[PDB]
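Okay, so we've got a single protein chain in two different forms coming up as structure tokens, structure 1 first and structure 2 after it.
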Structure 1
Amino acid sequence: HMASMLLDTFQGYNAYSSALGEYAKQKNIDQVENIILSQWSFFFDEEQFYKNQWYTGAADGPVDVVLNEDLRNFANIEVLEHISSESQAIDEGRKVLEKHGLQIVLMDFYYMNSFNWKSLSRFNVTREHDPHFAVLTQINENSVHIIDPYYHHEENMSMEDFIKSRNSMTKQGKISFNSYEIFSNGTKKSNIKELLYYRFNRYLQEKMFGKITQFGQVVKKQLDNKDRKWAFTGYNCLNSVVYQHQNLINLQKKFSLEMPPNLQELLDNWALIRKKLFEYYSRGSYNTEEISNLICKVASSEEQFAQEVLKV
């Protein structure tokens, strides 16, 4: 685990958007960052909930397909998912690094050291096989250098561990050396007002606020206080929603946008939902009716907010 201070890597709103945005920043690719920072989305998969997979937040994953569509539609940027093999992945990395200097790779977070596993043991943290996105910067004789943009860490990983991480079965499915090529046959210029108008229109038309209500209604039905792991998953999933709210506050300041006056209050409500979910998971604090009521209140507040944003 890393000695130095944290890296000033692009946060985005999830691991995928973090990696795309950090890649775009380092390689001077315009549009990508603004398209990420203007995203406004919510999903809920009740099937994923009862499999205790990542069932809510800004976007399904690990690959953010809606973000890929936005990059194509707004900037004519195509993010191609390549698959490779145990015998080919490193040579293909060498070719990518010589041409581009960076390779975006799907990795099993289990093998990464952005989290100090030794020190976290004390706090009853488990080391899970979760998919994550890293940026490969260097291939050496027996090791590689990777950046973790989402967690603002970097490390030298053994060639053995790097290959293992990129060939691993995770809780969400199999990695086979997946990498992400950012391509344009002719980039297109988008604007902040267009990006927000399209996002907030889609949010209302697809009734994404309804998916918050669904999440809340499903929380209300968790009557078993002895099985709370869903609450930790929910806590982690909603980080993406907090990041979108903060990203929109930061867009408002940068571009002097007119916003409804309760954006910070909505962010605060999401932070409270996350606090109550974590403390419920951790030591059984609060109750599922209390948490459900708050999720259903924010659902209505988010519907109203999206309507008010589209008027201005």
Structure 2
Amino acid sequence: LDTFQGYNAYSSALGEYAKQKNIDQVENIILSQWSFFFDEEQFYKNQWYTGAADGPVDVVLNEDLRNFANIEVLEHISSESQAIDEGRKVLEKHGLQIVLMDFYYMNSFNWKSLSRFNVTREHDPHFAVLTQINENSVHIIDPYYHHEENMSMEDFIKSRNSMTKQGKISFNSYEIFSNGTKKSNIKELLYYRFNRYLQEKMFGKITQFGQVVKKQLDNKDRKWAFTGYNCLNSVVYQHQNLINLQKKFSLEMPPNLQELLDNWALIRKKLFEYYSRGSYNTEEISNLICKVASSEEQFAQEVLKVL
């Protein structure tokens, strides 16, 4: 499908809703995000430990939506007694509901398209958009994986009341609400993001990621590299989103933005190869990560000079 990508499941759902319902500023605030995190504690629990943002909810994006647009994302927790009828009310009034769903019950990404046939099912929280409630069936759009599916009501209820690796889903839904909006110019959004990126030394988190990768040479469990591959899609998306902003707004960018995208895509390729191919190239992957960290630091500084 031709759905809004964002840079993660949460931002993809928020942006898809905003696009369909003509809610101002949300798309531009998502597309102008520039972030990196690394959590060594989450690395060793094999939770989602790196990329653009901790999740499933992107708290930094919510802070940006509040600070720039005075936009609040309200979390509705519900019960099996109320959740579907509240959905009906929301669908009647708005046509769409943003929901938290256990990805175990979704089939959104075809791993066989990348020659991975051992498609392990995991209880991971994921954002989708509910578009239709019938008797014993529902329709949902997964805007992050550009997939739709019809799901039995029984499977939809199970996906929304499931214990996951990140805790219990309890029919959670997300309402985009505004007290009173503000307009932000795209240059202001990028200026704040790049200033914050450098001030919080987010490039330093890329270096930390690189140093932890170097220390996995003797680790026979390669699960971290599959987790990292999935986590870093969010960084590739932020790079592509900034390229799309440059085109749309005819912006001034440092000349190596495409090269940085290419570097992150190669890191992903080598992580996926390490996970699946049994290579002993943690040193090579570490060095690529440590190289892009220096490049991203310089890129952020140059954006602020030219923007």
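Each residue is numbered by where it sits in the sequence of structure 1, with counting from 1. Rigid core (definition): largest C-alpha set, two forms, superposition within 1.5 Å.
- Looking at CA displacements between structure 1 and structure 2 with the core superposed, a shift of 2 Å or more is confined, among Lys189, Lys229, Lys193, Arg122, to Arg122.
- We note a C-alpha movement of 0.2 Å at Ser165 between structure 1 and structure 2, with the rigid core held in register.
- Taking the core as reference, the Cα of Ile139 moves 1.1 angstrom between structure 1 and structure 2.
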